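What follows is one structure encoded as structure tokens, with my remarks underneath.
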Amino acid sequence: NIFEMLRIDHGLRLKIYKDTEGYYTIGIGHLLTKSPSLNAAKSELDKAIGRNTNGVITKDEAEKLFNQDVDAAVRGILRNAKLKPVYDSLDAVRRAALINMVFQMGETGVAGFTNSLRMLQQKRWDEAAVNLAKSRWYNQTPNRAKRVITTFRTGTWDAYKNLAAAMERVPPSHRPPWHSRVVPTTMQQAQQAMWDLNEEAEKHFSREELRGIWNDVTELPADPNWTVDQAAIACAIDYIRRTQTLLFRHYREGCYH
Amino acid sequence: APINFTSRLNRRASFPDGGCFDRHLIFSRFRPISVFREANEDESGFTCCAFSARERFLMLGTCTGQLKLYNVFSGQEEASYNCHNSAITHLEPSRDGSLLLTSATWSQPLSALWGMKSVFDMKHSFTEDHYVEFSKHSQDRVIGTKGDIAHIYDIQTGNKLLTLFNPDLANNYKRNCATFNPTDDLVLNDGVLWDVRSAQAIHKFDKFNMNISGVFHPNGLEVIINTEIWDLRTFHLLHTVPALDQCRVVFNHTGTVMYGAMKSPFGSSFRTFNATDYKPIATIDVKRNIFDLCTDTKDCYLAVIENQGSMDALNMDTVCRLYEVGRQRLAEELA
Amino acid sequence: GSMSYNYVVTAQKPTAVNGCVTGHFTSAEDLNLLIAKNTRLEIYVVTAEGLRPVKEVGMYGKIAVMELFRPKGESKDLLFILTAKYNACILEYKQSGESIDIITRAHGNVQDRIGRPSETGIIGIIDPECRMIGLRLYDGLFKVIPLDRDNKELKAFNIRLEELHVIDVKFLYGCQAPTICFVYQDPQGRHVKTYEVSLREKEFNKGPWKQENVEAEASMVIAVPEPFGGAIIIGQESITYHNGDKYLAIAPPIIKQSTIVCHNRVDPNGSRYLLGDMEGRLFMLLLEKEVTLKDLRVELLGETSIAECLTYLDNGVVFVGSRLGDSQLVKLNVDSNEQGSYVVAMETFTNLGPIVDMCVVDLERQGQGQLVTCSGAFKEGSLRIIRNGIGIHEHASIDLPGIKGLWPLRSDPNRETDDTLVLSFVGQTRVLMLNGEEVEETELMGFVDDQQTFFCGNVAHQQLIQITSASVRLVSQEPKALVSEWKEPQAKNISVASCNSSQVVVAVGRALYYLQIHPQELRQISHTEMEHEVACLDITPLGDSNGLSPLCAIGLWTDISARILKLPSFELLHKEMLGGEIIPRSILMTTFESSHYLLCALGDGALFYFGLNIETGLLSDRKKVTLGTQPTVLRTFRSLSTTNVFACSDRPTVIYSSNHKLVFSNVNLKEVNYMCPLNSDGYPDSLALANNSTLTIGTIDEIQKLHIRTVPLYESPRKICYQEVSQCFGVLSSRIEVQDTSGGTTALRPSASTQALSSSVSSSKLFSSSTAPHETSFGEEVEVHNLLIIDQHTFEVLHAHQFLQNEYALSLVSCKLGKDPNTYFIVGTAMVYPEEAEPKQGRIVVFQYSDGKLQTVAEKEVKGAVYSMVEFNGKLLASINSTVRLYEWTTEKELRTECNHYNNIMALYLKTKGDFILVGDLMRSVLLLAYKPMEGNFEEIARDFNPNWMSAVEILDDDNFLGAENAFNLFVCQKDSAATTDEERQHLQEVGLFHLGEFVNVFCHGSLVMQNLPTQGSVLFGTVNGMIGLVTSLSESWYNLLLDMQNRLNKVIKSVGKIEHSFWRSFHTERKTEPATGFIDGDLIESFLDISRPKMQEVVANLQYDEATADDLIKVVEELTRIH
Ligand SMILES: [Zn+2]
């Protein structure tokens, strides 16, 4: 039931839609075309599926489309140096879980789990499950991963049976802002943001007041680990937090400027 | 209507107001259960709180324009979004869970509307509307406020459907916020009742206050301006309540309880009131400065955004603290 | 997503009366009484007889308004009903000859999507002109439905009502225009105001008379008819009259004692009114006229049941509609009795509501539970014993001991009725004549008395037989002489006998003789020797109506065989080897609903029954049931054209058929040994039974029903539990007393706790130092709470234990704890002070009732009200205000706490299964705990965070939890132990929703059907209206089948008022409204058996399961009815 597996892991949509890159898609993640023309997409679907559809198909249509994608994906595995060994090593149910992975992170990304796949071949299932959880693949999409991993481990579809309605989900995070505390940034960028914020800040407070915040911020202890650049960028970010906080409280109190 | 709960419970089983007494007991009790701190910050910068549409997540705006969503059950951060270039000052998701309204402090756009299905992106911006809010009955339109002016837009076209302002009747209220009545037929702006279809000003209420614009009671029968409760039909003054002075007033989902939250210029407490007769239920004193609060639709949790430390100190560390409604700590508990 | 599969059916319809109205609804000529019982509407014709039942219908809604009206141009009344869910309809009663149907004349839903429902609830009034219907549904609004005949959808229109808190409202009589008159409340006081209702402008105009300032507690307005007009206004201390500028006030002291709550016009002149108050007193309100109103006068008439509503019918007969007690038909007399009462009860109508608590007990027999309920409210409070079975109407009883046999015998050929009866005693025989009603000894000569009679009766050719231990004796009638006589050749003893009109088969040891009855002759036809000794015989002629049977049923010794032999050859046609090694004692051939069976009861209570083919003798479809221990005697009787088999044993049973499935129904008697039918001139369609001491004669009912025995208490029962080991019940009760000038309290009437055989009062000093609260005042009421010890047989109050002053008894358990072998009554209490918001004090008190005395074993002071207690693995689990606490019973016999749980608003309800604990909350619906025994504390497994105001809870199984809440809905929660995260694992998902329309106070596992040898589990439940329901589980296979059946039934069944069944059963609160899921409406499924077979065919079309015909599903639904 690899179709049903991916109906729950990836989702099924019956009307044409756009994926996260803006490309036109149908069924279970079946890319129709990268063209921006919906009519170019509606004709690729109209040739793929037998009839004229106007961009709407029924589940039986989508599975026919899905199985060819699976057919196309196994041909990619069957022609891979790092994946053909272990694809032949598994029964139907457990290879449908490796097809699940190449659908997610590309067949080249799956090829990364070198020692994870070595254990699978050797049919060492429990040990492969534990090393598979130590990947960002697991830590980013833990729901999907631990249900595919239970398929690798036991050769059943049990992680897919009688499930409950999915808990409320929320869109993926944006790319972190420049002042994110683990993604690095530059000093001009930090310096410009202070300059920008100060346009607004100087309308409400004196420069002596704003210097007091700069002083207050730079007189706190820093990482003995930090470079002088990293320490200065840290002072700018704290300054911006403090000042934006003071602006927020000022407007709440009432700004007559 | 026996005063003692145990007498009311017995009478219910055999001889069925008592709901008012039940609310006085329930909505006088708040025990804190969780604190949410901004990840990777020694001093949290939360400014705004609201619950997810299915309230699985607590939505927390930050002083730098970010919107950070936390799993309520686990406290772990689930997602972060970049919304504005200044502190988030207001949040309002749609009931269906598809859209979200935000409001900033000084950056432009002040307010915006965001999608929440698969990609968190801007749908439309309301460049100079400092406050923004959905229509009540059908969440099809957006009402924003620019000073004394009210703007109404459509949540799909984005275009300004109409503009409500009358310089002759206006009160120039400090904290003016335009809003719909529960039927979307009326709009109150700056203390002036408007008829939406005719775009005509129905009535101007008298100004006994400088800041507060006013809200519609969810019962469709009253209009609450600061400390003054006006009959929506006759325009007569029904009650005067000094406790509501200058308080942001929220209603619970069923509209039977009214929250209100306020040297240092901010407040340390929030009050609850029986929504049906405005008698005060309790005054819950947090020891900290408060900047926002919100309830869920289940009357289970109350999220309050509290400044850590001394009140007059005004430290930067501002967290969000969850309370469980109707729940208290006993002496035997604290061991 | 997940889903549950539950099914819920009504065991007892609601019995409380929510409203009653009078008028001319079935025809213009006769007088109807209409009763509303929450969901059912009962129509009666008023007679000198009492009430003639005419038609009972049900609705997909709770009847909130019910008022008759006559539009001009209509020949008889129409009925307006408004549903609690705001379904509105107008109804007409049409009798198409033999068939009766209530047709929906107009219908619609009048709901404002923004509305604050009023304090005093829905009010519905109709003006004297029948020109409008007025609804007060919400505050500040007055809905109006114009009544001109175009308005087939009940299109309404609201009028903005300035006054926002209206107490009561009525349309006035004798007004220029339609005018409402209402009491309303504002900060100045409460007042009476009038408005005119402009129907053509759709607004209010200034009313006829000004407003006045009425009593603080004025609560009902009465519209006085012409010529007087105006309004009477009832309060707690005054009754006032108001008109143009006329006004009068009386304040009789008599009415201050209790609040008047309902009223009724006696005469159309409006000169007299009935008033009922909350302690049951019935008053006459008389308006004195001169002509104009001179004065008002109240006169006490007597006492009725606490009346929810009153209606004077005719000739001084008053219907008292009660919901706290039994409804009544009552007569007002011109003359008072000894006591000075004019009120004499004529007829009592059973009301089980409110069911405050209940329990199931196997008192009399084993395997068939009875319900024992705490019912009624104050002076109406009672225990109700609910038993399933068939009841006999005793009409005679003679103490003639030691009967071995009994037969109805006709004496005179010229008459058609049994007017003699013969009895067998060990060794000899007597005959009695049955003239009139009372019997006296005779003997018809030709009958012996020195030997034991084995049979006698009417045989062919106008003559009578009697078979004894040593003779078959045949006796002609008109001369009445011994006319023929048979005897075994060597004169041995006749062991077994059997006979019918034309045939005799008798056994002597292993021999059988077949003899025919011809004029003046016993012709021996054939003889045989059976393999083994003969135990029992039957030659009942079945089927193709001959009177002469080709078959002989026989049961034998030493091989437990039932054999069907062919007469006269005695050919073996069938040999069924039965189980065991005890003899068959009674074998019988009968026909149930045109289908032949062979019945054969063995000694050890067991009874097989086969399908018998009366042409080939085949025995098929062997089935076995057990009917006691004393060996069973089978004996046949017919009712109208049906036939039944009465099975005499230590547990008497009646066997009949219902849709071709046999019923085995308990008989409400002690132990019947021998039985016969008897249609005498003085006992038509009756029976005759012999209980080993007495011989009783009476009438039996057709089908089995629920039978209710009432134990009055004259107090409020609150909780009940059963102690098997001391063969008594524990019952918590309270009575109301009033403070007097002595400083103490006085009861209003004797009652269970004041008239116990023995009694005690609490010695506890446990709340001495604690604060002295607000003192009580003279004339004010207080509650005195009592533990009652009630004997399981006599239901006498053996002992009454009075609790402390101001102490409420809240919860009760009977159990043993720890290593202690004693069984205790454990009581949870609260110190309830009326000014205090919540009890902060309480007790858990361990009693034991041993050797007729109650002792206090132990005591524990707690810090709040003990709402619930459960025996939990030899430990005491209790809820004290918001904490759940587990107690251990030490070897010193004191309670010592093991662990606490604190995540509650108010922990009201507790149930347990294994180590799991279900907690029900005031507002935050339900919560699952587990006792972790290797840590000795609680683990919180999962919660439901939705705001369901719980009223009762129940564990259906380890994963499924049943809830009832204050909006009359049911729901089911599931845990998912097999969930991949702790967030999932710790959330109970609501997977079942259903609007019951009742308010549930108690669940408990049990069944009122005997169960020996389609449906899993049995949870009974009791409601405020006295309705008793049943919840059970289904497989997904069955749920899908019956869910399909339901939607098909809904297209075919017409609903009164045209209410959609899915709208009625939709889960509905002021927070959300959702369609039902996971619940089969068993009442809808069962109504399948009542539709016409055309309708039945239309439902079954296009349907398959393990096609599907109409007959397949009659077998399904009939099987379903047997769970209750
Ligand atoms: Zn400023």
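A note on names: the letters A, B, ... follow the listed sequences, proteins ahead of strands, and every chain is numbered from 1. Just so you know, these numbers use all the heavy atoms, side chains as well, and skip hydrogens, waters and symmetry mates.
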As an exercise, state the distance from [atom1] of [X] to [atom2] of [Y], rounded to the nearest 0.5 Å.
X        : Y        : atom1 : atom2 : result
C:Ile355 : B:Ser14  : CD1   : OG    : 13.0 Å
C:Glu162 : B:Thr234 : CD    : OG1   : 6.0 Å
B:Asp231 : C:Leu164 : CG    : CG    : 6.0 Å
B:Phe73  : C:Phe945 : CZ    : CZ    : 8.0 Å

Measure the shortest side-chain to side-chain distance between [X] and [Y] over non-hydrogen atoms and say whether it is less than 4.5 angstrom.
X        : Y         : result
B:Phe15  : C:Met278  : yes
B:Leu330 : C:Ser882  : yes
C:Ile114 : B:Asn219  : no
B:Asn4   : C:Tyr833  : no
C:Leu810 : B:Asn10   : yes
B:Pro16  : C:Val1024 : yes
B:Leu9   : C:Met906  : no

Identify the heavy atoms of [X] and [Y] that sit nearest to each other, and give their distance.
X        : Y         : answer
B:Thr297 : C:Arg1071 : O-NE, 3.6 Å
C:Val832 : B:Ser7    : CG1-OG, 3.6 Å
C:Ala865 : B:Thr6    : CB-OG1, 3.9 Å
B:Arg327 : C:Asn904  : NE-O, 3.3 Å

Taking side chain as everything from C-beta outward and backbone as N, CA, C, O, which of these in [X] sits under 4.5 Å from a heavy atom of chain C? Side chain, backbone, both or neither.
X        : answer
B:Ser74  : neither
B:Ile33  : neither
B:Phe21  : neither
B:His137 : side chain

Would the number of heavy atoms belonging to other residues, nucleotides or ligands and lying under 6.0 Å from [atom1] of [X] be above 12?
X        : atom1 : result
B:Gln76  : CD    : no
B:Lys279 : NZ    : yes
B:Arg95  : CZ    : yes
B:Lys136 : NZ    : yes

Could you tell me whether the side chain of [X] and the main chain of [Y] form a donor-acceptor pair under 3.5 Å?
X         : Y        : answer
B:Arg12   : C:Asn966 : no
C:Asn1001 : B:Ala13  : yes
B:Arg233  : C:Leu161 : yes
C:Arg924  : B:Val325 : yes

Leading residue by heavy atom contact count with chain B [cutoff under 4.5 Å; candidates [options]]:
options                                 : value
C:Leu141, C:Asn903, C:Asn881            : C:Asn903
C:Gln986, C:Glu1070, C:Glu119, C:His987 : C:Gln986
C:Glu838, C:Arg718, C:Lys863, C:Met923  : C:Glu838

Open item on the list: Ignoring hydrogens and geometry beyond distance, is a side-chain donor-acceptor pair present between B:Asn71 and C:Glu983 at under 3.5 Å?
Closed with: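 Looking only at side-chain atoms, C:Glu983 and B:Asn71 do form a donor-acceptor pair, the distance falling under 3.5 Å.
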
Task: Part of C:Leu324 within contact of chain B (heavy atom distance under 4.5 Å) - done: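 For C:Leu324, the contact with chain B is made by the side chain alone.
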
Open item on the list: Which atoms of C:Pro834 are under 4.5 Å from chain B, going by heavy atoms: the side chain, the backbone, both sets, or neither?
Closed with: backbone

Task: Sidechain N-carboxylate O distance under 4.0 Å for B:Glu324, C:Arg943 - done: yes

